[PDB]
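>
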DNA sequence: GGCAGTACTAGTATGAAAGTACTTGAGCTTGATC
């Protein structure tokens, strides 16, 4: 799910950045440090929408860096268990389903695939299909999954999905 | 302990607003135009790029005005930000499917009513 | 102390060795323990365990008395079919906390319920109720579950229960080849439960009793604390 | 507080001038722009001491009054004791 | 040749401070009852 929230940051500026372009450097430093990052509390920071206020810089004692508190609006992506989202299938394997939900990866265990969807290695591009060949899931297909659980390992979040409920799967 | 299928979210996500993939795409397009023009700024991150194509690839209302009208349409219905945003993104076509995917919707409206909102969405859908 | 359980002898060269209670003496004086000997066959005497080579001890001689596979030697040590079978005082052994290793099992019920876990009723008119553990006893647990939509506490014996778990909750492996590993259970089968580990996505299939509900994140360190997953090791020079 | 009604000594207490020449010299010592023309100076403490007599140091001192309030004095507004 | 007893070794188990503060006991005064 996508959200619009207000977040904070402390920008530690190396002493070289001082001088004329000081306030501008803080904004440019902020954009580079938060965009693309991910955390467990808020998730993936997609982009900074607006910078509300810049706090007065406070010299940190014993270190050169001076810390400017910063208030900004950002777009974040935070998945939840039970939510259905659209993903793009990126790779077919005999071990399961490798998917991708926006910037976050999601793995759909083969055990969570209806029994009608046999795995077929001999097909030209690997894929997942029903013995009836009616429904075939392969690279670049759009599917609906239910996030069953989330994990955060080294600031990066990944999820596990399932296709057991009705109206899930190929789109 | 937490579960969106029961609208149990953390305290922090209370004052927040949900965004449709269509709205997200628009916002990212404007930030990009700014990043594009006015040089002396490194190219955007991979997370962005991946999100820029993914969001676009699933955007159903390519027009600015349309998106706003859809949002307002649902706006005048007693819906929680999560339930609202989820129906707009997934655009189910029948009351049955809708309730299955979003169990929190159970008992909120009559299937007929749920189908009216669904039918209205479908009508607003910018088909390709 | 139970027959065929494993205890550890307090003294001798056999000190701390895992040994199986071959025979509990009714008098409650001694117990026969099944051991593997740590002997030099009196060749070195003017060591690691090794199965009793009756032929070797006969070759070396000394205090040896063979009686079939049963052989009495040096100090009336009894051996039979390669193992030792000698009585030791109960006072002389450690009767609790021992637990054999898998390797010791090769050489020679239970209930684990903790307050806070979700359990299911396996039988009775109360079957398929799931709820969380309030309290616990050793046999008839008188597990006092709080079932979904039930404000009352019931009582169940351990034998009537099992550790249930919907897919997506975190689980820990309490005992087994995998014990200490954690994961989210993707699919539940009859008594079968499959899950993916947190350390690696390598699959795991375990029994319903071997999992518990614990919200803690994976440790990432082996038993013994010396090594951890993903570390560089020297295999040979 | 307001720029009016500030009640504090205009002079720079020897505790403030000790932590200003320290904090400034730590900045200069890491690639920081120098306000004053430096002539044969490789030592940061001598440079930061020189910026002070010329009143070029870019620091504002926040003085907490004992009742919880505070005042912000820039290093130019204060009067150097020595 | 085997069993029992005794001795030795190893391991395990336990005068010449001063002062202040707090508590307890005893005594005195006041109130209530006969």
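Residue numbers (the entry's author numbering), protein chains in the order written: chain G, 1 to 171; chain D, 14 to 141; chain Z, 273 to 318, 335 to 396, 416 to 544; chain F, 46 to 127. Idealized CB from N, CA, C, for every residue including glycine.
Since residue 27 of chain D meets chain G, which of its residues come closer than 8 Å, beta carbon to beta carbon?
In the second chain, the residue the question calls residue 27 of chain D occupies position 14. Near residue 27 of chain D there are no residues of chain G at all, since even the closest Cβ is about 10 Å away, more than 8 Å.
> Just grab the DSSP bridge partners of residue 286 of chain Z for me.
Within the third chain, the letter at position 14 stands for residue 286 of chain Z. BP columns for residue 286 of chain Z are empty, so no partner.
> Which two residues bound the contiguous alpha helix (DSSP H) that contains residue 83 of chain F?
Taking the first residue of the fourth chain as 1, we reach residue 83 of chain F at position 38. It is not in any alpha helix (DSSP H) - residue 83 of chain F carries neither H nor E in the DSSP assignment.
> Looking at residue 503 of chain Z: is its Cβ nearer than 8 Å to the Cβ of residue 109 of chain G?
Reading the third chain from its first residue, position 196 is the one you call residue 503 of chain Z. Reading the first chain from its first residue, position 109 is the one you call residue 109 of chain G. Their beta carbons are under 8 Å apart, which means residue 503 of chain Z touches residue 109 of chain G by this criterion.
> Determine the direct distance from the alpha carbon of residue 22 of chain G to that of residue 57 of chain G, and round the result to whole angstroms.
Stepping through the first chain from its first residue, residue 57 of chain G is reached at position 57. Stepping through the first chain from its first residue, residue 22 of chain G is reached at position 22. Taking the straight line joining both Cα atoms gives about 11 Å.
> What residue from Z/349, Z/340 and Z/450 has the CA that sits closest to residue 315 of chain Z's CA?
As a first step, residue 315 of chain Z is located in the third chain; it is residue number 43 there, counting from the start. Closest by alpha carbon: Z/349.
> With respect to the alpha helix (DSSP H) encompassing residue 101 of chain D, which residues constitute its N-terminal and C-terminal limits?
Residue numbering aside, residue 101 of chain D sits at position 88 when the second chain is read from its first letter. Looking at the DSSP string, the run of the alpha helix (DSSP H) that includes residue 101 of chain D is 94–103.
> Going by beta-carbon coordinates alone, are residue 277 of chain Z and residue 374 of chain Z separated by less than 8 Å?
Position 5 of the third chain, counting from 1, holds the residue named residue 277 of chain Z. Position 86 of the third chain, counting from 1, holds the residue named residue 374 of chain Z. Contact flag unset, no.
> Listing by chain order, which chain F residues have their CB less than 9 Å from the CB of residue 19 of chain G?
Counting from 1 along the first chain, the entry for residue 19 of chain G is found at position 19. Those are 77 and 78, listed as they occur along chain F.
> Check whether chain G comes within 8 Å of residue 514 of chain Z, counting only Cβ atoms and requiring the distance to be less than that.
Here residue 514 of chain Z refers to the residue found at position 207 of the third chain. No, its Cβ sits nowhere closer than 8 Å to a Cβ of chain G.
> Just the Cα atoms here: how many angstroms apart are residue 470 of chain Z and residue 81 of chain G?
Locating residue 470 of chain Z in the third chain gives position 163, where the first residue counts as 1. Locating residue 81 of chain G in the first chain gives position 81, where the first residue counts as 1. About 22 Å.
> Quick one, which of Z/426, Z/310 and Z/427 has its alpha-carbon nearest residue 370 of chain Z's?
Looking up residue 370 of chain Z in the third chain gives position 82. That would be Z/310, whose Cα lies nearest to the Cα of residue 370 of chain Z.
> Is any beta-carbon of chain G found at less than 8 Å from that of residue 99 of chain D?
Along the second chain, one-based indexing puts residue 99 of chain D at 86. By this cut-off, residue 99 of chain D is an interface position.
> So for residue 112 of chain D, helix, strand or coil by DSSP?
One-based indexing of the second chain puts residue 112 of chain D at position 99. Three-state DSSP puts residue 112 of chain D in a helix.
> Compile a chain-ordered list of the residues in the region 147–164 of chain G whose CB is closer than 7 Å to at least one CB of chain D.
For the region 147–164 of chain G, which is checked against every Cβ of chain D, not one residue is closer than 7 Å.
> Mind listing the chain G neighbours of residue 83 of chain D? Cutoff is C-beta to C-beta under 7 Å, in chain order.
The sequence position of residue 83 of chain D within the second chain is 70, counting from 1. Here the premise fails: no neighbours, minimum Cβ distance about 15 Å.
> Within 8 Å (strictly less), CB to CB, does residue 40 of chain G reach chain D?
Position 40 of the first chain holds residue 40 of chain G. So no, residue 40 of chain G is outside the interface.
> May I ask which residues mark the beginning and end of the beta strand (DSSP E) holding residue 87 of chain G?
Along the first chain, one-based indexing puts residue 87 of chain G at 87. Unbroken beta strand (DSSP E) run through residue 87 of chain G: 84–93.
> Can you tell me where the alpha helix (DSSP H) with residue 90 of chain F in it begins and where it stops?
Within the fourth chain, residue 90 of chain F is the residue found at index 45, counting from 1. 89–98 is the span of the alpha helix (DSSP H), which, as asked, contains residue 90 of chain F.
> For a contact meaning CB atoms closer than 7 Å, what does residue 71 of chain D contact in chain G?
By one-based count along the second chain, residue 71 of chain D stands at place 58. The answer, in chain order, is 86.
> Check residue 171 of chain G in the structure and name its three-state DSSP category.
For this step, residue 171 of chain G is matched to residue 171 along the first chain. Three-state DSSP puts residue 171 of chain G in coil, outside helix and strand.
> Would you verify that the beta carbon of residue 71 of chain F is, or is not, closer than 8 Å to some beta carbon of chain G?
In the fourth chain, counting from the first residue as 1, residue 71 of chain F sits at position 26. It does: the Cβ of residue 71 of chain F has a partner Cβ on chain G nearer than 8 Å.
> Counting only C-beta atoms, is residue 494 of chain Z closer than 8 Å to chain G at any point?
One-based indexing of the third chain puts residue 494 of chain Z at position 187. It does: the Cβ of residue 494 of chain Z has a partner Cβ on chain G nearer than 8 Å.
> The alpha helix (DSSP H) that contains residue 130 of chain D, what's its start and end?
As a working note, residue 130 of chain D is residue 117 in the second chain. Here the alpha helix (DSSP H) through residue 130 of chain D covers 124–137.
> Got a sec? Which residues, its chain only, sit under 7 Å from residue 76 of chain D by beta carbon, not counting five neighbours each side?
What you label residue 76 of chain D is simply residue 63 of the second chain in a count that begins at 1. Once the five neighbours on either side are set aside, the close Cβ partners of residue 76 of chain D are 139.
> Taking Cβ-Cβ distances shorter than 7 Å, what residues in chain G pair up with residue 4 of chain D?
Examination of residue 4 of chain D is not possible in this model, given that chain D is present from 14 through 141 alone.
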